[PDB]
Each structure stands twice: as C-alpha cells, then as structure tokens.
C-alpha cells in the first residue's frame, strides 16, 4: 500500500469441507477484504492479486474456471494461456494495487504465510532471493504480488528456480503483461 514499510497479515475464512461445498455450488456469501486473496479449488491452494479493479492469478492453477461470488459463479474477464494469466472482476469489498511507475529493481515478494521476502530484479521476468529458501516455503504462493519500495505492484509470482530443494531465484509475470492482456481481446 501507499508508503511506510510493507507489512502483512493472513486470515483464514474457510475450512476444507466449507471450501468443497462452495466450489460445487459456486455461491459464496462471505465478506471479502484485502488486496491479496488466498484461493483454492479443493485439490490445489494458491494466491490471487487485485490490480486495477480486476482479480488476477496464474492459469496453471485456475485454468478456465469461474470464481465463487454472492450472485453465483463469475466467468473470467481475461484469459491469456500463453502469458500464464487469468482475470475475474475484483470481488466487492476488495482493494486494488496501483502498478509500479518508479522502475525500481529492489522487489519484495508476499507469500501465503504473509511474510515479505527481499528480491533483486535480474531481468524482465526474473529476480533473485537475497536469502535462499527451501522450496516448501514458496509452495502455495503462486499468483502473489511482487512489490517495489513504495508498495506498488511490479508483478505476480509464477515459478521458482529450484536446485536440490532450495530456491535461489524466482520467475514472475510483470504488470505490463497484464495491461496488454487488457488491450488484446481473448
């Protein structure tokens, strides 16, 4: 968010059984808050980020699926199979992040555990961890945001470079790839 240091917390709203029933009915009456949403399909659990009034995540996780809302299942707004992107209209009550304009290379990744990991940009869609971590830690964090020192969105977490069970580098989808998915079509 706007200025100050990036700090985060996590709140669980549903259990395994509660998730399964609302996945099949597609009806979710629960109240929504925050910028980042912890998503699930029962079988797999990951992350979703709100940038520009739209809730984005990875295609390798959600596919061509619908999101559960208070009015029933909501169809996707954007689907970009090649850039590994998916988008639905941001749920009522969620806050959106503004794309980065400062061009900084000191990125900060937010995990599902609500921890903030320091990342250094090493390319257009590549960055390296300042402290190498085990692969288990990064699991469930796909679709999560990479923030700049101001707390603005640089990109969404896609894949980790794993050698022996430890990850030294991360792979992401940059914010400019989102805006060209908005300007494209199908």
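Positions refer to the first chain, counted from 1.
When the C-alpha B-factors of 7-15 and 158-166 are averaged, 158-166 comes out higher. When the mean C-alpha temperature factors of 136-144 and 122-130 are read from the deposited coordinates, 122-130 comes out higher. In the PDB entry, the Cα temperature factor peaks, among 90, 75, 102, 116, at 102.
Across 151, 53, 34, 63, the greatest Cα temperature factor reported in the deposited entry is at 151.
Among the modelled residues of its chain, residue 80 has a C-alpha B-factor that falls in the middle third according to the deposited record. Residue 30: CA B factor lies in the highest third for its chain, per the PDB record. Compared with the other modelled residues of the chain, the Cα B-factor recorded for residue 44 ranks in the middle third.
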